[PDB]
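Participant: experimental structure and its sequence below.
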Amino acid sequence: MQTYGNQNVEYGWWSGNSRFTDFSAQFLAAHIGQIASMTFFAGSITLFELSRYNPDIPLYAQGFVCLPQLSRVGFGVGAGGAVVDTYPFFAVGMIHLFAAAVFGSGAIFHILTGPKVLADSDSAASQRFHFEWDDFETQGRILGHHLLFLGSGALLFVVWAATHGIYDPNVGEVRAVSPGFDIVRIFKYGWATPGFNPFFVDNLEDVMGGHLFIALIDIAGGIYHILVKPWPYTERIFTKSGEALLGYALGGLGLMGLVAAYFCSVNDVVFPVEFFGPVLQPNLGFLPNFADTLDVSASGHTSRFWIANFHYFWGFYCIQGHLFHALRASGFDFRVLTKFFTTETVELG
Amino acid sequence: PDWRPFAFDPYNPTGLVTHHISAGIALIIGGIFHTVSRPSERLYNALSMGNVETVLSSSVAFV
Amino acid sequence: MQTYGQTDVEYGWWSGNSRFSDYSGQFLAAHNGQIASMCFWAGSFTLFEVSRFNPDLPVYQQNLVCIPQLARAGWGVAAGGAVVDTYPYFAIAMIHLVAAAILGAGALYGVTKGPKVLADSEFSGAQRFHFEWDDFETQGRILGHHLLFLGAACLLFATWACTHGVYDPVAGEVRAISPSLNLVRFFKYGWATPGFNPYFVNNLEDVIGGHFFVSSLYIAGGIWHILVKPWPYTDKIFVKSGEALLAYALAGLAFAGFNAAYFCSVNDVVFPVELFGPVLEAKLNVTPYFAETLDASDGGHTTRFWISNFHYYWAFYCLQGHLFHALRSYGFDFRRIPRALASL
Amino acid sequence: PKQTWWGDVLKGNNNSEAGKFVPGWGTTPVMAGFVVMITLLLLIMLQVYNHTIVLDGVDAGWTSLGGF
Amino acid sequence: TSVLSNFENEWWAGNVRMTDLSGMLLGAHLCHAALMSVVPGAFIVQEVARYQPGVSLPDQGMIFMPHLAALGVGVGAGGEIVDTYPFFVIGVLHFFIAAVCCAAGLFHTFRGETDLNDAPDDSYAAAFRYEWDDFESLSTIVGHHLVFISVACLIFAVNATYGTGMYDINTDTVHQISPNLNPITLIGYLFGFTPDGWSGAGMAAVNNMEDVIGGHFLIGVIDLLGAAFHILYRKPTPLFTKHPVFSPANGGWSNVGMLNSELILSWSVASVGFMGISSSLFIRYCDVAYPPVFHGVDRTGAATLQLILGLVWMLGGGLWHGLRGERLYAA
Ligand code: CL7
Ligand SMILES: CC1=C(/C=C/C(C)=C/C=C/C(C)=C/C=C/C=C(C)/C=C/C=C(C)/C=C/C2=C[C@H](C)[C@H](O)CC2(C)C)C(C)(C)C[C@@H](O)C1
Ligand SMILES: CC1=C(/C=C/C(C)=C/C=C/C(C)=C/C=C/C=C(C)/C=C/C=C(C)/C=C/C2=C[C@H](C)[C@H](O)CC2(C)C)C(C)(C)C[C@@H](O)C1
Ligand SMILES: CC1=C(/C=C/C(C)=C/C=C/C(C)=C/C=C/C=C(C)/C=C/C=C(C)/C=C/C2=C[C@H](C)[C@H](O)CC2(C)C)C(C)(C)C[C@@H](O)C1
């Protein structure tokens, strides 16, 4: 944590989650529980949406976030975005619920298994997992393994799109997609030269090639981080503390949330119109909005509207939380703000 | 408001505004001076500025 | 700051910035923050205007300041001064917002983890950048680098105008403009000879030639100041404190702002009518202002009106601040104003 | 003798310099000029109202209301 | 402070406190000139803002435009204002002059040394040391100021004769008029000896631009010669020293030729009042220099205004400061 100066700080229950920042086993338990919550949301919401699905109503008119996402990636969608068979959605949600139960069981296991600290546990092999908030070598290996998992996921997406096929609004029906590979076109999407704009990708072939590239990059980076200790300059720049790593991750997540929010409202290929609804338009009054570009009269809002706005707010407040945690981890205590209207300087490290 | 001499015609309303602007400013200056400047022994003793009755006399005459 | 004689000055929160005047790291941080806010305004109001834009009404009668200027540099206007597409505006605004985020990050760093005093930093690459308010030798090189950036930007604008092309109101479309440049012409403009009033330039070729000349001047000056120390007489002439340099800079900004405001008001080649609107007329009353040649009823006010009127008062109060800080750097105490009356 | 807040604000204006005057004549000479000045001003107005003075193009009567 | 009348240190008289403070006095004069130059430019811009083309200047109530139009600024044949921009340029340039003067006044009031007697011993500024007693010091001041005034008058005349000329009333338009240089004819006006006979208003009965332009050439040359005289000599002569003056300093006429700060101020003030009265006569009668195409025909009000100002300066100020200076000659 931070504990400006004085150690052994006392936290109220409102900020009570900072108590286990030093208990590696409990840290593991909390995060396994959180991942359980995420996958439980996926499965349970899939079923909750299936319960009230109307084939007559267009998919985006009714309030869904999961049926469009499943129908996009194959999974029982006919020609012209028609939900022919509604059983694969049930299967997907059920697998998600089973996974959630597994994760939650692991969470309780670790919360009650042994000592709070993973150094003391006499497993003699769980001690291989005890980490520190100062050592960058172990955290580099951890980063490498997690990048390996992400790259393996991108690879799985590439394979599933190659074999099972995937929906293509330009084609108009589920279709296998050849994995492209053109580093030149990848970099041209990087520059956003006039032909290629990253948020206006038109061919699923380009998307598939980019995903292949991402998988390769993530796997290579994972290997590299597992093998190689961080360089000294990365110790010079970054502080070594838990809240600092939370700050870095929060900044990254806020950026990714904003990117995904903009992606939803604009791209029509990777977010097909028949499932999510017509494209939005970005407005800026006091705060950014996404206008539906459609008469909300007797149609509510398209699912794309909800996804885009929710993730704009998620990204913005992840940025604000990143600022808060980076300010703390660098050394700034906000209590000094109370000295604003006095003659004492409102400033410290 | 117009500061040309015909604003002194009492039947032309453009004078009134021209008055209350200029005279208004004249009072503000006249206020500021008296908010700072002290009286003079000569006048202070002659008019008995320490006695409110002189203020009453002068105000009644003005009214 | 001035701090007449007295040391350990107490500044109320209403005058709070003076506190960090004597720390260099915080100084840098504050100015990174300021330019970040400027860039943020640029991007944010590009987006704001685009969000409140109708491709139907005249551009100038709609309250806009960023779309007309972006159009004047190309980017969305084809012919006749009508904005066709809007996406390049959005892209420019996004880049401005991202740059603002980066600069604000630099500022926030300078506040917290950066050294409060650069000279006291261990890095010793940071000790290079430390400066003192009384040393004109170092401030000369700072000036030189900043002049280099200014001149580079001016040259970039010139080349963009030449190659990509800017709006040409005489031509009525976006044109690539060749520079019509001759030193005799520019001295004619400087002396305001009867055929050449610099506020009434008629051909953008002369504008871009002048920009090439100005970029050359700025680059030359930047190299000169990086290489050449200020002369001894400058110590006799100028004052040595932060407030003094602030006064000089405020004077320069006031001069530039008056020129810009008048330029906007009277010229109609740099500011095409279809974008910014009809030309304005200077009008003095108790205070100066520029008024529309065409009727302002039913059309609010044109972009030209807002730009020129705003910058006139920006320049005027920058001049007033220049006087204030000059007198402060002269050791004149304003506590004399509410003191003299007490004595009388 | 309540020590109110508003009394604290206004006591300096009430009687900080109570009973103080500058010796001699002070500004009294200058005042003289001002009086004479207004003694002309008012006088002029009276005559303008009286039609003793006729300013050029200034018809002191109901006809001057023309323009409203 | 170099005076002990009764009320030297009174705030309403506080300007007398700069009687000897040379630097502050210079700053005060510069700031005052800033005022005097702000007014014309500001009011010219204000006038041009409300100028209407169809109506003539005398019916618009403009009090700075007529004097500019008299010099051919923005007017054409027939004496009608064509273009208004040069008036605006004149106003802007007066703004520039005022800003420079105000900058100088601010410098000398605060940054500059208060008393030039405290200058660092020939630091480009001891050359500007002056004292209200030594004659030599003030002689060079008078000489250089005469240089500037003479150059201005010569410039006016040269412009009139060669470049773009002036609006000649008789020829009805702007012309480079050929000057008249008959010195006896010009200096005759000073006694009223106009060619058409003696006239009551001296110098004001000129009926042609040639007379005025020749007179300006004569005045410029005379003032240049006087500038040379005062700059190059600086020494008192039996004209100033040893001349009769009547004063209660010594009851009855004396040949002392006294010198003092209030006395110099009084002579200057009397001179200004006299110029005011002369200009009163000029605008009353001389309509060559004031074409009624611009200033109107009836001009009694402006002449009366000039008369009042001239009487206030010549009689009031001149007498007040002369009496104070003569009384201060009891030191
Ligand atoms: C208006 C004329 C003027 C100009 C243009 C000008 N200054 Mg100043 N100026 C400075 C910089 C400056 C810069 C960099 C600059 C160039 O652009 C200028 N100035 C320019 C500082 C070094 C120095 C101090 C600057 C300083 O501390 O400024 C702060 C001043 C103000 C009014 C802020 C109030 C503005 C907001 C409406 C209110 C905010 C309330 C808030 C939302 C609520 C709480 C929020 C929180 C809880 C989260 C300075 C001064 C000062 C003055 C004065 C009178 C001026 N100025 C005047 C000017 C000081 O007293 C003062 C001085 O020196 O007195 C000791
Ligand atoms: C610079 C610096 C720092 C900052 C460091 C940071 C935060 C740097 C920021 C780095 C960023 C933002 C990196 C972002 C990288 C983005 C990547 C790599 C994008 C990859 C996207 C791909 C591969 C898209 C792929 C496809 C996917 C999709 C289908 C498209 O249709 C097409 C297609 C196929 C191209 C500090 C502050 C930490 C320390 C400082 O001292 C130094
Ligand atoms: C004398 C003095 C000083 C000086 C004080 C001052 C006032 C210094 C002022 C300096 C100024 C105001 C300099 C201004 C210079 C203006 C310039 C150089 C104009 C340049 C324009 C150029 C180069 C081209 C412009 C175009 C280019 C543009 C693109 C269009 O195509 C039109 C066109 C062709 C006019 C100090 C400060 C040194 C000391 C003081 O105490 C007293
Ligand atoms: C020194 C002295 C004193 C003072 C005496 C006084 C009052 C002396 C007066 C001195 C004066 C008034 C000198 C002024 C002289 C004026 C001159 C020489 C004006 C010349 C102007 C000319 C030649 C211009 C002429 C034209 C030029 C003009 C442009 C017009 O196109 C008209 C036209 C063509 C006439 C006392 C009182 C102290 C004691 C005395 O005994 C002696």
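Facilitator: Perfect, thanks for sending it. Residues are numbered from 1 along each chain as shown, chains lettered A, B, ... in the order given. Ligands and ions are numbered 1, 2, ... in the order given.

Participant: gap between whichever residue of chain B sits closest to ligand 2 and residue D:35?
Facilitator: Proximity of chain B to ligand 2 (C-beta to the nearest ligand atom) peaks at residue B:32, 57.1 Å away. Where C-beta positions appear, they are placed from N, C-alpha and C, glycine not excepted. From residue B:32 across to residue D:35, the span is 19 Å (C-beta to C-beta, to the nearest Å).

Participant: quick one: which of these two has more around it?
Facilitator: Neighbours were counted for residue B:32 and for residue D:35 using other C-beta atoms under 10 Å in any protein chain shown; residue B:32 has more, 11 against 8.

Participant: check the secondary structure at the more buried one for me.
Facilitator: helix (DSSP: H, G, I helix; E, B strand; the rest coil).

Participant: roughly how far apart are it and residue C:341?
Facilitator: For residue B:32, the distance to residue C:341 equals 9 Å [C-beta to C-beta].

Participant: dead centre of the chain: give me the residue that sits there.
Facilitator: Went with chain A since none was named. residue A:253 (6.7 Å; C-alpha atoms, centre = their mean).

Participant: that was the other one, I meant chain B.
Facilitator: residue B:27 (5.8 Å).

Participant: list the buried residues in the helix or strand that contains that one.
Facilitator: Per DSSP states H and E, residue B:27 falls inside helix B:14-36. Neighbour-count burial for helix B:14-36, counted by 16 or more other C-beta atoms under 10 Å in any protein chain shown, picks out B:14-15, B:18.

Participant: and those residues as a markdown table, adding distance to chain E?
Facilitator: Output for the buried residues of helix B:14-36, formatted as a markdown table (distance: C-beta to the nearest C-beta, whole Å):
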| residue | distance to chain E |
| --- | --- |
| B:14 | 14 |
| B:15 | 17 |
| B:18 | 15 |
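
Participant: hmm, back to that, can you pull the contacts of the residue of chain B closest to ligand 2?
Facilitator: Not one residue lies near residue B:32 by C-beta atoms under 8 Å, 6 or more residues apart in numbering or on different chains.

Participant: against residue B:26, how distant is it?
Facilitator: 11 Å.

Participant: can you pull the buried residues of whichever helix or strand residue C:146 is part of?
Facilitator: Following DSSP H and E, one finds residue C:146 within helix C:136-163. Going by neighbour count (16+ other C-beta under 10 Å), the buried part of helix C:136-163 is C:136, C:139-141, C:143-144, C:147-148, C:150-151, C:154-155, C:157-158, C:161-162.

Participant: which two of the residues you listed have the greatest separation?
Facilitator: C:136 and C:162 (37.5 Å; C-beta to C-beta).

Participant: surely residue A:158 and residue A:214 touch.
Facilitator: No. Counting by C-beta atoms under 8 Å, residue A:214 is not a contact partner of residue A:158; they are 9.1 Å apart.

Participant: the more surrounded of the two?
Facilitator: When residue A:158 and residue A:214 are compared for neighbours, residue A:158 comes out ahead with 21 against 18, by other C-beta under 10 Å.

Participant: next, the contact list for the more buried one, please.
Facilitator: With contact taken as C-beta under 8 Å, 6+ apart, residue A:158 is in contact with A:179, A:208, A:211-212, A:215.

Participant: buried residues in the helix or strand harbouring it?
Facilitator: Assigned by DSSP H and E, residue A:158 falls within helix A:136-163. Neighbour counts over helix A:136-163 (16+ other C-beta under 10 Å) mark A:136, A:139-141, A:143-144, A:147-148, A:150-151, A:154-155, A:157-158, A:161 as buried.

Participant: which part of the stretch 51-200 of chain A gets nearest to ligand 2, residue-wise?
Facilitator: Nearest residue of the stretch 51-200 of chain A to ligand 2: residue A:189, at 3.9 Å (C-beta to the nearest ligand atom).

Participant: can you tell me how far that residue is from chain E?
Facilitator: 55 Å (C-beta to the nearest C-beta, to the nearest Å).

Participant: just give me the neighbour total for residue E:166.
Facilitator: There are 22 residues near residue E:166, going by other C-beta under 10 Å.

Participant: residues touching the closest residue to it other than its chain neighbours, list them.
Facilitator: In this structure, residue E:166 finds its nearest non-sequential neighbour in residue E:160, 4.9 Å apart by C-beta to C-beta, 6 or more residues apart in numbering or on different chains. Residue E:160 makes contact with E:166, E:176-177, E:179, E:209, E:213, E:216 under the criterion C-beta under 8 Å, 6+ apart.

Participant: hmm, try it at 7 Å
Facilitator: E:166, E:177, E:213 (C-beta atoms under 7 Å, 6 or more residues apart in numbering or on different chains).

Participant: does it sit in a helix, a strand or a coil?
Facilitator: Residue E:160 ends up helix, using three-state DSSP.

Participant: report the distance from the one helix or strand residue E:216 maps to to the chain centre.
Facilitator: Element membership of residue E:216, judged by DSSP H and E, is helix E:209-233. The chain centre lies 15 Å from the centre of helix E:209-233; the measure is C-alpha atoms, centre = their mean, to the nearest Å.

Participant: does residue 25 lie in a helix or a strand, and which?
Facilitator: As the question left the chain open, I've gone with chain A. Counting by DSSP H and E, residue A:25 is part of helix A:24-51.

Participant: looking at chain E here, not the other one
Facilitator: helix E:22-50.

Participant: in PDB, list the C-alpha atoms belonging to the following helix or strand past that helix.
Facilitator: The C-terminal neighbour of helix E:22-50 among helices and strands, as given by DSSP H and E, is helix E:65-69. The C-alpha trace of helix E:65-69 is given here as PDB (Å, rounded to 0.1, in the frame of the first residue of the first chain):
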ATOM      1  CA  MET E  65     -11.900  66.200 -38.400                       C
ATOM      2  CA  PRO E  66     -12.100  69.700 -39.800                       C
ATOM      3  CA  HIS E  67      -8.400  70.500 -38.900                       C
ATOM      4  CA  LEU E  68      -7.300  67.200 -40.600                       C
ATOM      5  CA  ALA E  69      -9.500  67.800 -43.700                       C
END
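
Participant: and helix E:65-69 with chain C, contact?
Facilitator: No. On the criterion C-beta under 7 Å from any C-beta of the partner chain, helix E:65-69 is out of touch with chain C, staying 13.5 Å away.

Participant: OK, contacts around the closest residue to ligand 4 within chain A?
Facilitator: Of all residues in chain A, residue A:343 sits closest to ligand 4, at 65.8 Å by C-beta to the nearest ligand atom. Residues near residue A:343 by C-beta under 7 Å, 6+ apart: C:10-12.

Participant: that concludes my questions; thank you for your assistance.
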